[PDB]
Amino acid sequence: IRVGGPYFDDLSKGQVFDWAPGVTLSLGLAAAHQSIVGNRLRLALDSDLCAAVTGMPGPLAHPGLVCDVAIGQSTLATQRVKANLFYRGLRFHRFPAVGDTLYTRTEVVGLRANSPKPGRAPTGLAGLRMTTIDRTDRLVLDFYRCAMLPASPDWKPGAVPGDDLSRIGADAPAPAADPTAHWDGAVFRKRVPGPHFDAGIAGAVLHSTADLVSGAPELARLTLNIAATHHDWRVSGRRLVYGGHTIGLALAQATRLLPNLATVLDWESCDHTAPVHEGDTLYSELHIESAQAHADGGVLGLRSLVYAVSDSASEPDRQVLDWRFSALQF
């Protein structure tokens, strides 16, 4: 594989990138991740509660950390990325503990050359499937993204890698088993102040407080993310903040709004609406789209619109991200 990463025309449908380092989750990584994007997930902060609830071999790896590690691992293929158009179908098949080691395979699922346009660099889109497992060979995540890559300088433009990429990561199999089935919602309800799960909150629209985007290159280094645009301002003209950082702050915002979320069960990004830069201040509008009771608590469906604060009272704030996720709540 080329130094600096593949160009679009270096890739093939079915090609596999599996030489990414394994990464052992530690409370070290957890703390650094928390200092950058925040962490108010009670099971990820309190080991005694985590043990009472999950009985887990160790404390709960923050789900945003697990996702960020899997996505940063996969950037071997996409060091040359100009933009990811979406992340899709992240659903946890299990929730790793601190001390578990994650290994991520990246497969090219589909390739489509972009139509030539005057003044634009030749580029194509790569549909990528990431499969993240642990040392026990159990599936953790199996998810998709759509990466725009430049073609090599002498590439002969044409149409023919021309895969249909529209439906990438759909009808994707649900997990074999409920990843929280062994979690005891009853001790959570007893030890954590309510309100606990209530299907009556569906429909609510909440407005978060703001966070600063800072430590963005640190988050990328922490999670092995080597997409050049996060590190090197000359790729896009300014460094572009990793999508997961913006998502991470939006999740922290949602958790200040809804302090009793147990975990994130699945998520995807709907629109990366505008670029985010280091030093931006973000807030979100949180829609509770659905609330479904289960035998033990229930599951909220959330949709988060994230905005960057403009530099004055006389300039409108701008939408930068639209994403959606589901969360378990006891």
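In this text, residue numbers run from 1 along the sequence as written.
Trainee: Determine, for stretches 69-77 and 198-206, which one has the higher mean CA B-factor as deposited.
Mentor: Looking at the record's C-alpha B-factors, the answer is 198-206.
Trainee: Would you mind comparing 213-221 and 134-142 for me and telling me which has the higher average C-alpha temperature factor in the entry?
Mentor: It is 134-142.
Trainee: For the C-alpha B-factor as written in the entry, point me to the maximum among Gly243, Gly127, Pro259, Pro116.
Mentor: Out of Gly243, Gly127, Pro259, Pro116, the record gives the largest C-alpha B-factor to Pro116.
Trainee: From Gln253, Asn84, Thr229, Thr180, can you pick the one with the highest C-alpha B factor in the entry?
Mentor: Checking the PDB record, the top C-alpha B-factor among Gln253, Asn84, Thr229, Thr180 is at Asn84.
Trainee: Would you check the entry's CA temperature factor for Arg120 and let me know if it's in the chain's lowest, middle or highest third?
Mentor: CA B-factor rank for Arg120: highest third.
Trainee: Once the chain's modelled residues are ordered by C-alpha B factor and cut into thirds, is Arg105 in the lowest, middle or highest one?
Mentor: Middle third, going by the recorded CA B-factors of the chain.
Trainee: Going by the entry, which third of its chain does the Cα temperature factor of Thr54 land in?
Mentor: Middle third by C-alpha B-factor.
Trainee: Just say lowest, middle or highest third for the CA B-factor of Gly248 relative to the other modelled residues in its chain.
Mentor: Lowest third of the chain for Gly248's C-alpha B-factor.
Trainee: Could you say whether, by C-alpha temperature factor, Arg191 belongs to the lowest, middle or highest third of its chain?
Mentor: Middle third.
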